[PDB]
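The data block below is entry-v3.pdb; it holds PDB, C-alpha atoms.
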```
ATOM      1  CA  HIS R   9      12.845   3.575 -13.067
ATOM      2  CA  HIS R  10      13.760   4.656  -9.531
ATOM      3  CA  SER R  11      16.790   6.848 -10.390
ATOM      4  CA  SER R  12      14.874   8.771 -13.102
ATOM      5  CA  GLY R  13      14.829  12.125 -11.293
ATOM      6  CA  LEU R  14      18.362  11.753  -9.941
ATOM      7  CA  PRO R  22      38.005  -1.023   2.315
ATOM      8  CA  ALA R  23      37.111  -1.931  -1.288
ATOM      9  CA  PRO R  24      37.150   0.687  -4.093
ATOM     10  CA  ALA R  25      34.315   3.152  -4.588
ATOM     11  CA  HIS R  26      32.893   1.750  -7.827
ATOM     12  CA  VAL R  27      32.537  -1.637  -6.110
ATOM     13  CA  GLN R  28      30.492  -0.389  -3.150
ATOM     14  CA  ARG R  29      28.422   1.869  -5.390
ATOM     15  CA  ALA R  30      27.491  -1.068  -7.599
ATOM     16  CA  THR R  31      26.274  -2.785  -4.433
ATOM     17  CA  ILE R  32      24.176   0.301  -3.601
ATOM     18  CA  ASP R  33      22.796   0.314  -7.151
ATOM     19  CA  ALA R  34      21.979  -3.405  -7.005
ATOM     20  CA  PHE R  35      20.301  -2.825  -3.628
ATOM     21  CA  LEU R  36      18.118   0.000  -4.977
ATOM     22  CA  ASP R  37      17.529  -1.973  -8.197
ATOM     23  CA  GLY R  38      16.452  -5.073  -6.317
ATOM     24  CA  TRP R  39      14.215  -2.969  -4.108
ATOM     25  CA  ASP R  40      12.523  -1.455  -7.173
ATOM     26  CA  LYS R  41      12.192  -4.934  -8.690
ATOM     27  CA  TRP R  42      10.252  -5.810  -5.514
ATOM     28  CA  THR R  43      10.824  -9.550  -5.268
ATOM     29  CA  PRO R  44      12.480 -11.243  -2.253
ATOM     30  CA  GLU R  45      15.325 -12.799  -4.249
ATOM     31  CA  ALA R  46      16.104  -9.600  -6.148
ATOM     32  CA  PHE R  47      16.040  -7.301  -3.112
ATOM     33  CA  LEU R  48      17.765  -9.614  -0.642
ATOM     34  CA  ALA R  49      20.534 -10.551  -3.092
ATOM     35  CA  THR R  50      22.821  -7.826  -1.706
ATOM     36  CA  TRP R  51      22.136  -8.630   1.969
ATOM     37  CA  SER R  52      24.774 -10.735   3.702
ATOM     38  CA  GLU R  53      23.607 -13.700   5.792
ATOM     39  CA  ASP R  54      24.087 -11.752   9.042
ATOM     40  CA  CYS R  55      22.611  -8.492   7.709
ATOM     41  CA  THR R  56      20.456  -6.936  10.440
ATOM     42  CA  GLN R  57      17.771  -4.234  10.016
ATOM     43  CA  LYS R  58      17.201  -1.705  12.816
ATOM     44  CA  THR R  59      14.231   0.677  12.690
ATOM     45  CA  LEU R  60      14.990   4.252  13.771
ATOM     46  CA  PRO R  61      14.316   6.318  15.914
ATOM     47  CA  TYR R  62      15.851   4.376  18.805
ATOM     48  CA  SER R  63      13.167   5.944  21.020
ATOM     49  CA  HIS R  64      10.422   3.908  19.324
ATOM     50  CA  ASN R  65      12.054   0.652  20.586
ATOM     51  CA  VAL R  66      11.490  -1.379  17.416
ATOM     52  CA  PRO R  67      13.722  -4.438  17.899
ATOM     53  CA  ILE R  68      16.600  -5.111  15.527
ATOM     54  CA  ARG R  69      15.584  -7.817  13.017
ATOM     55  CA  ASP R  70      17.803 -10.723  11.937
ATOM     56  CA  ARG R  71      17.903 -12.322   8.472
ATOM     57  CA  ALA R  72      15.630 -15.197   9.500
ATOM     58  CA  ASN R  73      12.867 -12.735  10.344
ATOM     59  CA  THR R  74      13.547 -10.618   7.236
ATOM     60  CA  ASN R  75      13.462 -13.687   4.973
ATOM     61  CA  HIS R  76      10.108 -14.667   6.433
ATOM     62  CA  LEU R  77       8.737 -11.107   6.367
ATOM     63  CA  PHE R  78       9.540  -9.899   2.844
ATOM     64  CA  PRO R  79       7.647 -12.535   0.782
ATOM     65  CA  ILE R  80       4.524 -11.640   2.785
ATOM     66  CA  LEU R  81       5.123  -7.880   2.638
ATOM     67  CA  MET R  82       5.821  -7.822  -1.080
ATOM     68  CA  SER R  83       2.733  -9.923  -1.774
ATOM     69  CA  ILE R  84       0.462  -7.209  -0.289
ATOM     70  CA  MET R  85       2.048  -4.191  -2.017
ATOM     71  CA  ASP R  86       0.998  -4.062  -5.699
ATOM     72  CA  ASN R  87       2.013  -1.439  -8.250
ATOM     73  CA  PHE R  88       5.073  -0.811  -6.085
ATOM     74  CA  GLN R  89       7.215   2.122  -7.157
ATOM     75  CA  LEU R  90      10.510   3.283  -5.679
ATOM     76  CA  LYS R  91      11.934   6.791  -6.092
ATOM     77  CA  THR R  92      15.518   7.585  -5.054
ATOM     78  CA  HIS R  93      16.066  11.231  -4.055
ATOM     79  CA  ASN R  94      19.620  11.269  -2.691
ATOM     80  CA  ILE R  95      22.611   8.916  -2.387
ATOM     81  CA  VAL R  96      25.359   9.864   0.086
ATOM     82  CA  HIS R  97      28.294   7.450  -0.416
ATOM     83  CA  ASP R  98      31.220   7.413   2.029
ATOM     84  CA  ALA R  99      33.641   5.060   0.258
ATOM     85  CA  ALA R 100      36.453   5.718   2.746
ATOM     86  CA  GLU R 101      34.203   4.563   5.585
ATOM     87  CA  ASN R 102      32.663   1.683   3.613
ATOM     88  CA  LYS R 103      29.145   2.991   4.307
ATOM     89  CA  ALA R 104      26.333   5.009   2.764
ATOM     90  CA  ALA R 105      22.974   6.722   3.279
ATOM     91  CA  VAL R 106      20.071   7.070   0.849
ATOM     92  CA  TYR R 107      16.713   8.863   0.885
ATOM     93  CA  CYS R 108      13.851   7.157  -0.949
ATOM     94  CA  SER R 109      10.075   7.406  -1.287
ATOM     95  CA  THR R 110       7.591   4.657  -2.172
ATOM     96  CA  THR R 111       3.968   4.080  -3.204
ATOM     97  CA  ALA R 112       1.822   0.970  -3.532
ATOM     98  CA  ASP R 113      -1.730  -0.307  -3.310
ATOM     99  CA  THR R 114      -2.367  -2.606  -0.326
ATOM    100  CA  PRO R 115      -5.225  -4.633   1.216
ATOM    101  CA  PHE R 116      -5.566  -1.678   3.629
ATOM    102  CA  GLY R 117      -5.806   1.111   1.028
ATOM    103  CA  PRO R 118      -3.275   3.331  -0.729
ATOM    104  CA  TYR R 119       0.200   3.305   0.761
ATOM    105  CA  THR R 120       3.010   5.818   0.801
ATOM    106  CA  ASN R 121       6.268   5.844   2.720
ATOM    107  CA  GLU R 122       9.665   7.522   2.836
ATOM    108  CA  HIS R 123      12.963   6.083   4.025
ATOM    109  CA  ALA R 124      16.168   7.571   5.387
ATOM    110  CA  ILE R 125      18.332   4.434   5.064
ATOM    111  CA  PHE R 126      21.880   3.946   6.363
ATOM    112  CA  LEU R 127      24.018   1.154   4.914
ATOM    113  CA  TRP R 128      27.298  -0.568   5.868
ATOM    114  CA  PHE R 129      29.081  -2.884   3.447
ATOM    115  CA  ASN R 130      31.256  -5.918   4.086
ATOM    116  CA  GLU R 131      35.019  -5.932   3.584
ATOM    117  CA  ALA R 132      34.739  -6.982  -0.079
ATOM    118  CA  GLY R 133      32.064  -4.331  -0.632
ATOM    119  CA  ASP R 134      29.722  -6.721  -2.454
ATOM    120  CA  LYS R 135      27.271  -7.234   0.434
ATOM    121  CA  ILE R 136      25.411  -5.050   2.889
ATOM    122  CA  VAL R 137      26.078  -5.922   6.498
ATOM    123  CA  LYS R 138      23.893  -3.560   8.578
ATOM    124  CA  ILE R 139      20.814  -1.439   7.817
ATOM    125  CA  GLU R 140      19.290   1.344   9.925
ATOM    126  CA  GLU R 141      16.283   3.212   8.573
ATOM    127  CA  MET R 142      13.822   5.873   9.713
ATOM    128  CA  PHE R 143      10.353   5.839   8.148
ATOM    129  CA  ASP R 144       7.345   8.074   7.710
ATOM    130  CA  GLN R 145       6.150   7.307  11.224
ATOM    131  CA  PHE R 146       2.586   8.302  10.381
ATOM    132  CA  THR R 147       2.405   5.582   7.728
ATOM    133  CA  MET R 148       3.997   3.055  10.101
ATOM    134  CA  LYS R 149       1.610   3.864  12.970
ATOM    135  CA  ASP R 150      -1.188   2.241  10.952
ATOM    136  CA  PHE R 151       0.694  -0.049   8.557
ATOM    137  CA  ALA R 152       2.915  -1.831  11.096
ATOM    138  CA  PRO R 153       0.069  -3.535  13.052
ATOM    139  CA  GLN R 154      -1.842  -4.269   9.821
ATOM    140  CA  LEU R 155       1.166  -6.103   8.381
ATOM    141  CA  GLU R 156       1.639  -7.978  11.664
ATOM    142  CA  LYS R 157      -1.939  -9.215  11.729
ATOM    143  CA  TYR R 158      -1.594 -10.165   8.056
ATOM    144  CA  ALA R 159       1.647 -12.079   8.647
ATOM    145  CA  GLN R 160       0.109 -13.993  11.562
ATOM    146  CA  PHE R 161      -2.882 -14.935   9.432
ATOM    147  CA  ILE R 162      -0.536 -16.274   6.730
ATOM    148  CA  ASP R 163       1.424 -18.305   9.308
ATOM    149  CA  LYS R 164      -1.694 -20.004  10.709
ATOM    150  CA  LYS R 165      -2.772 -20.807   7.152
ATOM    151  CA  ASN R 166       0.544 -22.416   6.206
ATOM    152  CA  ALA R 167       1.156 -24.203   9.505
ATOM    153  CA  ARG R 168      -2.267 -25.873   9.120
ATOM    154  CA  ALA R 169      -1.501 -27.235   5.622
TER     155      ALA R 169
ATOM    156  CA  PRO E  22      34.502  20.689  -5.216
ATOM    157  CA  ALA E  23      36.604  21.512  -2.141
ATOM    158  CA  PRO E  24      38.949  18.808  -0.789
ATOM    159  CA  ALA E  25      37.530  16.233   1.591
ATOM    160  CA  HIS E  26      39.140  17.582   4.784
ATOM    161  CA  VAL E  27      37.732  21.069   4.139
ATOM    162  CA  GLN E  28      34.158  19.759   3.853
ATOM    163  CA  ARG E  29      34.723  17.653   6.971
ATOM    164  CA  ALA E  30      35.926  20.537   9.107
ATOM    165  CA  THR E  31      32.614  22.149   8.137
ATOM    166  CA  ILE E  32      30.631  19.077   9.271
ATOM    167  CA  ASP E  33      32.621  19.082  12.529
ATOM    168  CA  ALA E  34      31.977  22.770  13.279
ATOM    169  CA  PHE E  35      28.270  22.198  12.543
ATOM    170  CA  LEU E  36      27.883  19.410  15.112
ATOM    171  CA  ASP E  37      30.149  21.234  17.563
ATOM    172  CA  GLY E  38      28.120  24.419  17.251
ATOM    173  CA  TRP E  39      24.949  22.387  17.734
ATOM    174  CA  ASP E  40      26.460  20.831  20.867
ATOM    175  CA  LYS E  41      27.431  24.322  22.053
ATOM    176  CA  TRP E  42      23.723  25.302  21.828
ATOM    177  CA  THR E  43      23.944  29.032  21.183
ATOM    178  CA  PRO E  44      22.625  30.897  18.135
ATOM    179  CA  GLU E  45      26.055  32.211  17.151
ATOM    180  CA  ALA E  46      27.887  28.904  17.600
ATOM    181  CA  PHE E  47      25.324  26.748  15.789
ATOM    182  CA  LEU E  48      24.713  29.143  12.889
ATOM    183  CA  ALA E  49      28.350  29.919  11.992
ATOM    184  CA  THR E  50      28.418  27.193   9.321
ATOM    185  CA  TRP E  51      25.107  28.167   7.708
ATOM    186  CA  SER E  52      25.338  30.097   4.468
ATOM    187  CA  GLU E  53      23.357  33.327   4.412
ATOM    188  CA  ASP E  54      20.590  31.793   2.254
ATOM    189  CA  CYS E  55      20.732  28.310   3.818
ATOM    190  CA  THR E  56      17.288  26.630   3.706
ATOM    191  CA  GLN E  57      15.895  23.971   6.063
ATOM    192  CA  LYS E  58      13.412  21.392   4.753
ATOM    193  CA  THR E  59      11.556  19.057   7.134
ATOM    194  CA  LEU E  60      11.182  15.469   5.884
ATOM    195  CA  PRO E  61       9.159  13.424   4.954
ATOM    196  CA  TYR E  62       7.959  15.436   1.947
ATOM    197  CA  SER E  63       4.507  13.875   2.499
ATOM    198  CA  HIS E  64       4.089  15.979   5.641
ATOM    199  CA  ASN E  65       4.190  19.131   3.459
ATOM    200  CA  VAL E  66       6.134  21.232   5.961
ATOM    201  CA  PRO E  67       7.115  24.554   4.302
ATOM    202  CA  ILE E  68      10.798  25.339   3.824
ATOM    203  CA  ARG E  69      12.258  27.444   6.654
ATOM    204  CA  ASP E  70      14.494  30.190   5.259
ATOM    205  CA  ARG E  71      17.533  31.680   6.964
ATOM    206  CA  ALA E  72      15.698  34.680   8.444
ATOM    207  CA  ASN E  73      13.092  32.381   9.998
ATOM    208  CA  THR E  74      15.931  30.225  11.375
ATOM    209  CA  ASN E  75      17.606  33.307  12.897
ATOM    210  CA  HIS E  76      14.389  34.268  14.691
ATOM    211  CA  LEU E  77      13.539  30.728  15.814
ATOM    212  CA  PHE E  78      16.817  29.532  17.335
ATOM    213  CA  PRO E  79      17.256  32.118  20.146
ATOM    214  CA  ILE E  80      13.744  31.286  21.345
ATOM    215  CA  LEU E  81      14.182  27.534  20.822
ATOM    216  CA  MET E  82      17.494  27.379  22.671
ATOM    217  CA  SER E  83      16.125  29.439  25.573
ATOM    218  CA  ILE E  84      13.474  26.809  26.390
ATOM    219  CA  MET E  85      15.763  23.767  26.052
ATOM    220  CA  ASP E  86      17.904  23.587  29.194
ATOM    221  CA  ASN E  87      20.430  20.816  29.950
ATOM    222  CA  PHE E  88      20.733  20.226  26.200
ATOM    223  CA  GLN E  89      22.779  17.154  25.192
ATOM    224  CA  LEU E  90      23.684  16.214  21.623
ATOM    225  CA  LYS E  91      24.837  12.733  20.608
ATOM    226  CA  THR E  92      26.159  11.935  17.140
ATOM    227  CA  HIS E  93      25.678   8.328  16.021
ATOM    228  CA  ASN E  94      26.837   8.335  12.403
ATOM    229  CA  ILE E  95      28.540  10.695   9.927
ATOM    230  CA  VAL E  96      28.372   9.758   6.226
ATOM    231  CA  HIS E  97      30.515  12.016   3.979
ATOM    232  CA  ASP E  98      30.419  12.075   0.155
ATOM    233  CA  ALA E  99      33.192  14.539  -0.703
ATOM    234  CA  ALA E 100      33.022  13.867  -4.447
ATOM    235  CA  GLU E 101      29.389  15.042  -4.277
ATOM    236  CA  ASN E 102      29.817  17.931  -1.810
ATOM    237  CA  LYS E 103      27.172  16.251   0.392
ATOM    238  CA  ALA E 104      26.763  14.575   3.783
ATOM    239  CA  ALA E 105      24.328  12.835   6.130
ATOM    240  CA  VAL E 106      24.407  12.523   9.925
ATOM    241  CA  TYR E 107      22.192  10.827  12.501
ATOM    242  CA  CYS E 108      21.932  12.404  15.956
ATOM    243  CA  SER E 109      19.860  12.136  19.113
ATOM    244  CA  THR E 110      19.136  14.792  21.745
ATOM    245  CA  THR E 111      17.672  15.336  25.205
ATOM    246  CA  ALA E 112      16.706  18.473  27.139
ATOM    247  CA  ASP E 113      14.441  19.871  29.824
ATOM    248  CA  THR E 114      11.744  22.198  28.458
ATOM    249  CA  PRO E 115       8.808  24.105  29.990
ATOM    250  CA  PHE E 116       6.605  21.371  28.467
ATOM    251  CA  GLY E 117       8.340  18.493  30.274
ATOM    252  CA  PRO E 118      11.250  16.249  29.240
ATOM    253  CA  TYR E 119      12.276  16.303  25.592
ATOM    254  CA  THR E 120      13.949  13.755  23.353
ATOM    255  CA  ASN E 121      14.496  13.839  19.617
ATOM    256  CA  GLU E 122      16.374  12.080  16.853
ATOM    257  CA  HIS E 123      17.539  13.657  13.611
ATOM    258  CA  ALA E 124      18.437  12.186  10.217
ATOM    259  CA  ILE E 125      20.025  15.251   8.563
ATOM    260  CA  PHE E 126      21.296  15.659   4.998
ATOM    261  CA  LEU E 127      23.698  18.528   4.309
ATOM    262  CA  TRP E 128      24.951  20.208   1.145
ATOM    263  CA  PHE E 129      27.955  22.524   1.121
ATOM    264  CA  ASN E 130      28.841  25.540  -0.984
ATOM    265  CA  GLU E 131      31.624  25.449  -3.565
ATOM    266  CA  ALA E 132      34.293  26.621  -1.104
ATOM    267  CA  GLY E 133      33.279  23.792   1.250
ATOM    268  CA  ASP E 134      33.134  26.161   4.233
ATOM    269  CA  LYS E 135      29.349  26.717   4.507
ATOM    270  CA  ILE E 136      26.208  24.594   4.477
ATOM    271  CA  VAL E 137      23.620  25.845   1.989
ATOM    272  CA  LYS E 138      20.856  23.237   2.165
ATOM    273  CA  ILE E 139      19.571  21.014   4.982
ATOM    274  CA  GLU E 140      16.899  18.291   4.836
ATOM    275  CA  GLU E 141      15.987  16.589   8.102
ATOM    276  CA  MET E 142      13.654  13.892   9.400
ATOM    277  CA  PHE E 143      12.669  14.029  13.094
ATOM    278  CA  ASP E 144      11.174  11.721  15.699
ATOM    279  CA  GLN E 145       7.728  12.552  14.371
ATOM    280  CA  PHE E 146       6.089  11.649  17.709
ATOM    281  CA  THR E 147       8.148  14.233  19.581
ATOM    282  CA  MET E 148       7.311  16.806  16.896
ATOM    283  CA  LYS E 149       3.553  16.106  17.004
ATOM    284  CA  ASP E 150       3.373  17.733  20.442
ATOM    285  CA  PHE E 151       6.481  19.921  20.509
ATOM    286  CA  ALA E 152       5.963  21.780  17.220
ATOM    287  CA  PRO E 153       2.647  23.418  18.269
ATOM    288  CA  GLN E 154       3.993  24.043  21.775
ATOM    289  CA  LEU E 155       7.048  25.779  20.349
ATOM    290  CA  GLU E 156       5.023  27.835  17.850
ATOM    291  CA  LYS E 157       2.760  29.174  20.577
ATOM    292  CA  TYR E 158       5.788  29.878  22.765
ATOM    293  CA  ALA E 159       7.341  31.864  19.906
ATOM    294  CA  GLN E 160       4.145  33.849  19.326
ATOM    295  CA  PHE E 161       4.091  34.674  23.046
ATOM    296  CA  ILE E 162       7.689  35.958  22.974
ATOM    297  CA  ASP E 163       6.942  38.057  19.878
ATOM    298  CA  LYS E 164       3.992  39.673  21.686
ATOM    299  CA  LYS E 165       6.095  40.367  24.783
ATOM    300  CA  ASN E 166       8.901  41.921  22.733
ATOM    301  CA  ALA E 167       6.610  44.015  20.507
ATOM    302  CA  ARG E 168       4.874  45.534  23.554
ATOM    303  CA  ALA E 169       8.191  47.230  24.506
TER     304      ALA E 169
END
```

Will you turn the file into structure tokens for me?
Amino acid sequence: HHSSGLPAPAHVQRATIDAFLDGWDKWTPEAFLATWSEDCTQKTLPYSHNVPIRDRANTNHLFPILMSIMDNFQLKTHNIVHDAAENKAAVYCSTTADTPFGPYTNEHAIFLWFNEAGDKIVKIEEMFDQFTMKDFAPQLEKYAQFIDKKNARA
Amino acid sequence: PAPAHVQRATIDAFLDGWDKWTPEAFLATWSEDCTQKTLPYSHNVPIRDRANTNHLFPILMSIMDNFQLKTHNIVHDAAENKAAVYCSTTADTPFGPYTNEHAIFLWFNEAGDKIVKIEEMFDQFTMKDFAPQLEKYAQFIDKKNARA
């Protein structure tokens, strides 16, 4: 389990957090994306690296491919900072997996904003282990493009 | 756990001291044993204790002119005596222009008036060059001061 070593009301937002971390750990598109609203964007931090904000269309296309190349995926949650009054949160997590490119590790400082009801996440900003992403980001991109050519041709 | 507005005044004096960019201003909210831990854990950066912080900052601040802080996000969990902020910075340094971004996690003491634990993730591409530059600058200052 991921939590082993660890404006709507608070318990409502927190259950959204928990379902977001739970779906992440479950590591299927449907389970992870269940808590993302239809307009939920993802922005990669730092701003200085100019990684463009990503809309749900691109996320929905990306995650099936990404999850399919990360086996034995394990999530570990180190810290949850929940600001119920401000309808937002921040978590720190670490991950491991085996990939077509070798062993994978990453860490995530993730910032979340919930909708008015507090049952969906509306905006995500996250800062990664930039040394992992230096190599992994172009490998994923080449892999996603290969998948697209394969599907478009059949 | 102290009431929410006490812990928040602490957060506010932290970022204001940072903005002020002097050792005394920035460090006023740090407990006397406050540790600093650089994230990600995978980079295996050793904890920086309070005495190391007190030596570093006067040198650090002296080589970062025109310093500007910008706070983008403050997340406060008063029930858990915790917080997280995201900030960006610019400065002029003897090594050229500097920019950085900071995802910082804070923990307060029981009174809510001091920060006792800090974990922070940087713009790792700034730090790749700046961290060795700053270390050698600090060794140079320590040689100059000793020979006196």

| Can you list what the PyMOL selection byres ((chain R and resi 112) around 8) grabs from this structure, as a PyMOL selection string? | chain R and resi 85-89+110-111+113-114+118-120

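CA of residue 39 in chain R is positioned 24.5 Å from CA of residue 123 in chain E.
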
| task | Name the residues that the PyMOL selection byres ((chain E) within 12 of (chain R)) pulls out of this structure, and write them as a ChimeraX atom specification. | result | /E:25,29,59-64,93-111,119-128,140-149

| task | Using CA of residue 76 in chain R and CA of residue 134 in chain R as the two end points, give the distance in Å to one decimal. | result | 23.0 Å

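Straight-line separation from CA of residue 87 in chain E to CA of residue 113 in chain E: 6.1 Å.
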
| note | One residue among R:12, R:92, R:83, R:130 is nearest to residue 54 in chain R when using all atoms listed in the file, and that residue is R:130

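Residues matched by the PyMOL selection byres ((chain R and resi 14-33) around 6) in this file are residues 11, 12, 13, 34, 35, 36, 37, 99, 131, 132, 133 and 134 of chain R.
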